[PDB]
Amino acid sequence: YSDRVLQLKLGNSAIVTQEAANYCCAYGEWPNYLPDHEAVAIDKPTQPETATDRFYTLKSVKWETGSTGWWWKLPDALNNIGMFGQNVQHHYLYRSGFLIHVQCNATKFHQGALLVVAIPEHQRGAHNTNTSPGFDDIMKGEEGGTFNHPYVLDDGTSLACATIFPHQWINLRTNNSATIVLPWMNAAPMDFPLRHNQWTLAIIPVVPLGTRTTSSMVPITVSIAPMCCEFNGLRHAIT
Amino acid sequence: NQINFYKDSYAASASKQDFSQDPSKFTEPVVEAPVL
Amino acid sequence: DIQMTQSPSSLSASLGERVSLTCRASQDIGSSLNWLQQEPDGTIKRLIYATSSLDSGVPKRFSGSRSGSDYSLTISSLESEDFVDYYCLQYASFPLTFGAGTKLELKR
Amino acid sequence: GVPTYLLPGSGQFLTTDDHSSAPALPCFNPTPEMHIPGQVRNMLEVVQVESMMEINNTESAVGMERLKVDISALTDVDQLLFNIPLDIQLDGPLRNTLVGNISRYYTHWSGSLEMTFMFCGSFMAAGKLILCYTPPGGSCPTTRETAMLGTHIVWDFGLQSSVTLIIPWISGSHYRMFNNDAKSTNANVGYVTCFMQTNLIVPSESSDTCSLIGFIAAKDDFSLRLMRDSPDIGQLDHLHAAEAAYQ
Amino acid sequence: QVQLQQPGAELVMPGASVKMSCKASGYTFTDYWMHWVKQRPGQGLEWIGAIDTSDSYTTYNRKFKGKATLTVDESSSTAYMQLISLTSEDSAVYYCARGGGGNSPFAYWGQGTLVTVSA
Amino acid sequence: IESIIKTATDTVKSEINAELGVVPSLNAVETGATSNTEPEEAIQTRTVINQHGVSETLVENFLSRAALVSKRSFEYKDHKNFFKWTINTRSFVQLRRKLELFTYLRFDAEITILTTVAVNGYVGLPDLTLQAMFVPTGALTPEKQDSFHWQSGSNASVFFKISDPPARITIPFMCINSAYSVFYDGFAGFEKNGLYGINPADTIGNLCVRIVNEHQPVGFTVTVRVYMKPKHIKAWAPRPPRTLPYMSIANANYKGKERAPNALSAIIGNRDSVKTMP
């Protein structure tokens, strides 16, 4: 059908998918550069365009029987990778959107479902203690973390209501990929890249996978492409 | 109704009348009979 | 890493003398603090929990309060067994840090 | 001057009153408004988003297993798969949903509801289901031939992976109440049951146990009235750091 | 009733590995967090890390990343700390304490074990 | 499509429909889009004019009510007759859980202070004069009742009695950003010393309240309750309602009850089986 196939061309990267459903745009918005009337910082921003806008494939994770789910926080996942990660280090501020594409496929004899959701401003909790989560607990870099209790979304909320957020499903019967287009979501027009994370990509297996065919590894691959990147506050790198 | 003798605008009483909705952003957050 | 600065690092007092111990918190840790008493044998015994209250079975010679960012452990009257290394813990946030410690000696 | 006289209700503090009050910061200019995505100007925008029902709630289902319903190949015809109690006020599948959590702040409700079930089984799995809704006034239907008699949809697995069961608005009043009586004529919504229409046929290679995922969302004619405190959140004895804010 | 005792830690050659065993009793083992603290003869305390008993989940101090590995067994009600890259600098007294949200952590403590190396 | 909707939508009658290629009851949830199937296309209906108003579910209506942000009882005797409360909405779970239904909020606070006096465990209930001063972040905090910090030349203060009607002031939206951050993922400081989430530092500052009179008569209990009613509200990005109980006000940490409802493993109370019901 028409919308079952999709191609995504950003920069020197391109992604084709023959099984997909109607790629999602978060809150009916599409990424754009900061307009002049919403600008604050006076220095002329830098716009790498094709340099930093392209798909960066994150390390794939293995989908297994007892998997609880996976999260990647943005930009944090992208801070160490490619020319995007260099502009993050040398510049004090950034504004960009994100295009997230998750690849999970299997044979027509596998059953399973994934909830791929982008949680804006996801503040994580800690189980059975009053101690606030540390820095290394929240910031996993590229590999990302794992849900301890995905039923509560680790923040104490309900996974049942997670559909209020921008989301798509990967149902091993229907489609092998999910695509979400995230605009800039923040209270401030620009933000400090290292400390604050606007979006949290959460892949949760609402329905696990099992089959009576010969078992095989099913990886889950994530490809995240920044869009409409800007940077200010050029200085030396933190490194 | 709506009696404000204060000079500052934020000190006015709350206004309840914004009946605009766009449920289509939450319900149909896509780019676009069988859909597939 | 919120650094707990414990002062003074050492003190000298005689029996029946009121002494105090103050720990500094760079970032505000709220009401979350614990005062730890370690006997010379190596056994640690908690004294004050959440700065507000005392553990059950611990003598009432010990008190605690917060004034600004200062956390004060006040001893009403010293005892022979009360000369040991004291510590202040912060459970407010990870990672948990300990104060430098304070040594108690008898005047001579 | 102007002769006046006080009225009853003078000096009273009413939590819901609407009045203008003296500003504490003269000549203060807030930060200019910036366009931000996802503005909610009415709560009925939220309740129309479908969210997962927990049908499988039991003592043997732990954690996430509670949001899916196991559908296994059955050796007998005309068998009931499961049923959904429709009481939103009571503790049931509809409480933790978006439409449930928001509606519990309101004493009255109106409008149609819709259920959506997604079949997560393997591609080669095929079968027909029937999703029945029985208006109130009687006991839940035990058998399918009794359940057909109400609003139902017969569903066949295929390319489209989901259905929509519309629960129509049927009442003798303009509104219904959340009062604790489950069988009250102003409360009871009716019953929802799911029967095997034919059978679930899966190959020997595919997994035999397949899982539906139930959804529910309010419609465009949905409505709510007479806001109240939500029973969901209860009293909390020990609240950490609350005393720290008082210095 | 409630008690914490960890035996062992006698002599371990450098570069080898050591498995700490701290047993818990007197309460429900999976309802409370487990903490680890080391003390050198220098009398200063450092916080090794904490494992969530509910599952495997662990939180470490940045200095001990990769040096210490925490694991538990829900059956034996014991908590293990795997120390690798053993050096003379790793010789100290190690403690294990309880935790949990209610009534603050570190309500109870262990005896302590002094680790020494033979080179 | 944005539109002005003052009332619920009317229903139109429908007839028997059997047609090939047209399947309104089919949808795809994998697209993440709510089912667009209408009651007219699913079942055979009648024309119904729906006059039910939607005005009461507006966010301006829903979130704007007077709730208790702070309750502080301090004894009045010879001493200490004042308290400094760092302002946050995380204190009481009734208002906290409702404000957390949204990620960002822009609103003006209308603050009300209700004062009551009680007898410690009769002659008369005294009439005391209380001062409530609003100390912004980064200013000097009064350490005493009679201290010089209560002069309050620049600061905003209010004087009110116990007999007079409750004192009420309006607080503008003061955030340095376009809207408040209810949930903040990150750290404020550029070093590791920062705290995860919003900390009682930047936000709204402090509120200092004392009794203006000196110490007289013999001790009574004075409880000060503080109420906040938002106004002019703008809300963005709604969020799942919290289920498990709260633990600390500075973080989202959760535990869960022992048994359902609101248990960690089970939010909804259990039943025998999915087939079980009278």
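Visitor: Give a detailed account of the arrangement of the chains, specifying residues and quantitative values.
Guide: Here 13 pairs of chains are in contact, and chains D and F lead that list by number of contacts. If you take every C-alpha in chain B and every C-alpha in chain C, the smallest gap between them is 32 Å, and the two do not touch.

Visitor: Lay out empty space enclosed by the protein in plain terms, naming residues and giving numbers.
Guide: Here the idea is plain: a probe the size of a water molecule rolls over the atoms and shows the empty space left. Of the pockets and cavities examined, the largest cavity occupies roughly 180 Å³. Lining the largest cavity are 15 residues; nearest its centre among them are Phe135 and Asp136 of chain A together with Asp1, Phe94 and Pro95 of chain C. Put simply, the parts of the chain that give the lining of the largest cavity at least two residues each are α2 (135-138) of chain A together with β5 (58-60) of chain E. For the lining of the largest cavity, the element with the most residues is α2 of chain A, which contributes three residues. The residue makeup of the lining of the largest cavity, split by class, is five nonpolar, five polar and five charged.

Visitor: Give me the state of the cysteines: which residues, what numbers.
Guide: For the structure shown, the criterion picks out two disulfides over all chains. Residue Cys23 of chain C pairs covalently with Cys88 of chain C via a disulfide, S to S 2.0 Å. Between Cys23 of chain C and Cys88 of chain C, the S-S torsion sits near -100°, and that sign places the bridge as left-handed. One end of the pair, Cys23 of chain C, is in strand β3 (residues 19-25); the other, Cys88 of chain C, is in strand β9 (residues 85-89), with 65 residues separating them in the sequence. Here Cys23 of chain C matches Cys88 of chain C in class, with each residue buried. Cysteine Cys228 of chain A remains unbridged, with the sulfur of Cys229 of chain A as its closest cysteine sulfur at 7.8 Å.

Visitor: Explain the pattern of salt bridges to me, and be specific about the residues and the numbers.
Guide: Tallying each qualifying case throughout the model produces 25 salt bridges over all chains. Residues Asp17 of chain D and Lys229 of chain F are paired through a salt bridge, measuring 3.4 Å at the closest nitrogen-oxygen approach. Note that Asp17 of chain D is positioned in the segment before β1 (22-23) and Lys229 of chain F in strand β11 (residues 220-238), a pairing that runs across two chains. Judged by its relative accessible area of 13%, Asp17 of chain D is buried. For the salt bridge of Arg144 of chain D with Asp78 of chain D, the shortest nitrogen-to-oxygen distance reads 2.5 Å. Of this pair, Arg144 of chain D sits in helix α3 (residues 144-147) while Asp78 of chain D sits in the loop between β3 (68-71) and β4 (80-85), placing them 66 residues apart in sequence. Relative accessible area serves as the criterion here: at 35%, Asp78 of chain D is assigned to the partly exposed category. Among the ionic contacts, a cluster of salt bridges with common partners joins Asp17 of chain D together with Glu110, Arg168, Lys229 and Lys231 of chain F.

Visitor: So, the side chain of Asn130 of chain A: which residues are in play, and what are the values?
Guide: The topology assignment puts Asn130 of chain A in the loop between β7 (111-120) and α2. For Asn130 of chain A, a relative accessible area of 5% puts it in the buried group. Looking at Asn130 of chain A, its side chain comes within polar contact range of the main-chain oxygen of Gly101 of chain E, at 2.5 Å.

Scoring rules and cut-offs
- Residues numbered from 1 in each chain as written, not as in the entry; some residues may be left out.
- Chains lettered and ligands numbered in written order.
- Heavy atoms only, no water.
- Contact = heavy atoms within 4.5 Å.
- 1 Å grid on protein atoms, 1.4 Å probe; cavity = no way out; pocket = protein on both sides within 12 Å on 5 of 7 lines; lining within 4 Å.
- Points joined across faces, edges and corners; volume = space filled by probe spheres on them.
- Helix = DSSP H or I, 4+ residues; strand = E, 2+ residues; numbered from the N terminus.
- Nonpolar A, V, L, I, M, F, W, Y, C, P; charged D, E, K, R; others polar.
- Disulfide = S-S within 2.5 Å.
- Buried < 20%, exposed > 50% of the residue type's maximum accessible area, 1.4 Å probe, protein only.
- Salt bridge = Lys/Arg side-chain N within 4 Å of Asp/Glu carboxyl O.
- Polar contact = N/O pair within 3.5 Å; in protein donor to acceptor, adjacent residues only side chain to side chain.

Interpretation in functional terms is not warranted from these geometric data alone.
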